[PDB]
Number of protein chains: 2
Amino acid sequence: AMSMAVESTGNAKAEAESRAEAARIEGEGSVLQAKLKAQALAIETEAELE
Amino acid sequence: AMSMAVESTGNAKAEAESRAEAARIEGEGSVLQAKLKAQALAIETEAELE
């Protein structure tokens, strides 16, 4: 029972923490792309404003 | 009866605690993605506001 508990919790935590790490990387990437796209829109619409 | 009790409770607790650990990792991941996506929206809509 102890061995099954540790194996099952390791198997679940691996597939859960890989997803969590990938989601963290995607969140940081998404906010950085949000900054870059914000600059892109704020300059495109500013020039098109003129 | 004692052996069956311990085996059944170990087998149930393994499949229950793996799910609980995976759900905890998913919750932490989800809140971190919520922060990152919150920053992404708060900058995208801010630039699009301009």
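Criteria and thresholds
- Residues numbered from 1 in each chain as written, not as in the entry; some residues may be left out.
- Chains lettered and ligands numbered in written order.
- Part of a larger assembly, values for the part shown.
- Heavy atoms only, no water.
- Helix = DSSP H or I, 4+ residues; strand = E, 2+ residues; numbered from the N terminus.
- Rg over C-alpha atoms; globule rule 2.2 N^0.38 Å.
- Areas by Shrake-Rupley, 256 points an atom, 1.4 Å probe, with all protein chains shown as cover.
- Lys, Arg positive; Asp, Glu negative; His and termini not counted.
- Charge placed at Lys NZ, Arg CZ, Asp CG, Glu CD.
- Salt bridge = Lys/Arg side-chain N within 4 Å of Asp/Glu carboxyl O.
- Buried < 20%, exposed > 50% of the residue type's maximum accessible area, 1.4 Å probe, protein only.
- Axes fitted to C-alpha atoms, helices over the stretch in contact; angles between N-to-C directions.
- Parallel < 35°, antiparallel > 145°, perpendicular 65-115°, else oblique.
- Nonpolar A, V, L, I, M, F, W, Y, C, P; charged D, E, K, R; others polar.
- Contact = heavy atoms within 4.5 Å.

What the deposited record gives as its method is cryo-EM, and the resolution it gives is 3.8 Å.

As annotated in the PDB entry, chain A carries the name Major vault protein and comes from Rattus norvegicus. For this structure, the PDB entry title reads "Vault structure in primmed conformation".

Asker: How would you sum up the overall build of chain A? Please name residues and give values.
Answerer: Each helix and strand counted, chain A has 1 helix and 0 strands in total. For chain A, the C-alpha radius of gyration of 21 Å lies well beyond 10 Å, the compact-globule estimate for 50 residues. Split by element, the accessible area of chain A, about 3700 Å² in all, is 60% carbon and sulfur. Placing the 5 positive and 10 negative side-chain charges of chain A at their respective mean positions leaves the two points 7 Å apart.

Asker: Got a sec to walk through the pattern of salt bridges? Specific residues and values, please.
Answerer: Residue and element names in this part refer to chain B. Tallied over the full model, the rule gives 9 salt bridges over all chains. Across the pair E21 and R24 runs a salt bridge whose closest N-O atoms are separated by 2.6 Å. Of this pair, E21 and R24 both sit in helix α1 (residues 2-49), 3 residues apart, roughly one helical turn. Classification of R24 as partly exposed rests on a relative accessible area of 41%. Its salt-bridge partner being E28, residue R24 comes within 3.5 Å of it at the nearest N-O pair. One end of the pair is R24 and the other is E28, both in helix α1 and 4 residues apart, which spans about a single turn.

Asker: I'd like to hear about the packing of helix α1 (residues 2-49) of chain A against α1(B), residue by residue, with values.
Answerer: Between α1(A) and α1(B), whose axes approach to 8 Å, the crossing angle comes to 5°. Relative to α1(B), α1(A) is oriented roughly parallel. Classifying every residue of the contact of α1(A) with α1(B) gives 17 nonpolar, 9 polar and 12 charged.

Asker: Describe the side chain of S18(B), listing the residues and the values that go with them.
Answerer: Residue placement: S18(B) occurs in helix α1. With relative accessibility at 7%, the residue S18(B) sits in the buried group. If sequence neighbours within four positions are ignored, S18(B) has contacts with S8(A), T9(A) and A12(A).

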